[PDB]
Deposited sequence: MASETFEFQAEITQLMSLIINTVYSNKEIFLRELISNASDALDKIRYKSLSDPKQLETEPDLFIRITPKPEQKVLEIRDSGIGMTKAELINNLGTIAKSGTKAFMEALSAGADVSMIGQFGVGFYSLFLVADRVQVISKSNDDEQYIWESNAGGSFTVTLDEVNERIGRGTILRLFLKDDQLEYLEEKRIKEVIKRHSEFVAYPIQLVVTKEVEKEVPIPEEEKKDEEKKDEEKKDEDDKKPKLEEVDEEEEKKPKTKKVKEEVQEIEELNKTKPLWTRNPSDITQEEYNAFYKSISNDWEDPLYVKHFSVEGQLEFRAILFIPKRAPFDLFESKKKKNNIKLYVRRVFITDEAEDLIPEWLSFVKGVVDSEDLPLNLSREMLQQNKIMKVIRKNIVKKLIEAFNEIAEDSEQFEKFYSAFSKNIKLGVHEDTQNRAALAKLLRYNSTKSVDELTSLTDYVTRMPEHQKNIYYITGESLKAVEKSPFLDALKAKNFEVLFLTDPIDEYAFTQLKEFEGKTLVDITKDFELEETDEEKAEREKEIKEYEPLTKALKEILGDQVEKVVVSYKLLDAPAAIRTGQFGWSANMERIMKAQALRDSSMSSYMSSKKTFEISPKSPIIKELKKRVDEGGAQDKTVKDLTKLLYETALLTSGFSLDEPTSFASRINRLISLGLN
């Protein structure tokens, strides 16, 4: 035996919900009212396609702020469609009833929706800053009716008998909470609109009486100006001077954007986007708009860290939904827009790539951020790979990518060779790897530390391996010394282990290989093991000993092996000394940096004294 009942939420409370539900960001009343006012003009404007007699009443489509401090009142004039008696009553019962119905059923053979805004609350948010409201509307469908409330449970409607008539539309009177007078301030209204409601379809008019009194000069202003949405027009319909002039306005910048990428995506997302690579780096960008109104701005949702610098802007009609007006809330949306703003933005580099110098202008700016992107990506790693530019022993005073290095190497090679360290010249003409220089291959120069912090994640570039320092072998080569290798190295075999002992446990094996000519000694970090330079960096931010036989200072060792082996007296300050010398030679750290210096001055003691 049932009994159905009708939901009946109650107002007093529901209001105080909307208004007082906090939002320590209460400037939105303006945004919301404007939006609600755009909505209105947008309505009459469309209504003229088939009947432009409707427009006669007021030929202009605009909104006009009018601060009247004298009675502490904020007027918002609009020449939109305005409401009839019933259109006030009906449409001003919360949430339900919205100027959406008006577009819900449009279905038109053109069907243009410059205007969006539902929920049907945004109006009430005026009470956030207004104690009482005064709505005066005139639609060329009824007379001038006045709708007045005080956020109560009730509202009043009266025919305006005395009070200046208006052609068509609505005027909003705000009587601000006795402190909210911040909103009668010129700068403040400019601050608010010219940041929340900048890119509206309508002129954003603001009266501002100035001061002329010597014994007032009003000015209808801020058609400024310097508003217009550069993503609403066809790319072709813009060139430089228009894209860059935009950038400057949206990013308080002084220099010209190095590049720019207008574009859209469609399907079921449907969003447009302009994005700029700036001329210089500095020491939150891609401001996001839905249907012309500012939503949020952000970094790490749309744009990965390393693309930071990219100043931009996005816009969708297909309102990602938003809990009452400040973020999508569905970060699956987020992820997608990210993919694109990357894929699209990458080809944009790939475009700037097709250039001699304007790339190096970009590469002097964002060498880092690209390298950074290599490290922190995966999918685009390879896409990003080609975009790197280093030096080489083949091209010193000259930039080089990697797609050039691949073509420079013969078929007899399969691994890309690179070294890194302190500086450009702190490796350049350094006989560290002279027996790779004279080994008919090629090595890069990675002065930045970040470089190696990326190269890490690339031990497979186009099948090619990345390798530095090091271990190597080759066939025969000229089966002549080859032939003596075992026999001649065996000459230094009573010297081999002897040298392995006075240094004890740090090395693994002490070899005397001909992969060197006259430079005394070398320290090749073992194969399948991090480079000495790699170490110097992987350690900076947190082993095998080679001897040149034909070196004049090493033949002395073979003689003294007989004149002193296991221990020594004069060859104590020497045995370790050269080991420590060849250490720094192999791009190495100041490991034990005080004992070495002391040997140096200690071996000025016998020679010149």
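Student: Point out each run of deposited residues with no C-alpha coordinates, keeping the order of the sequence.
Tutor: Deposited residues absent from the model fall in 1, 217-261, 330-338, 598-610.
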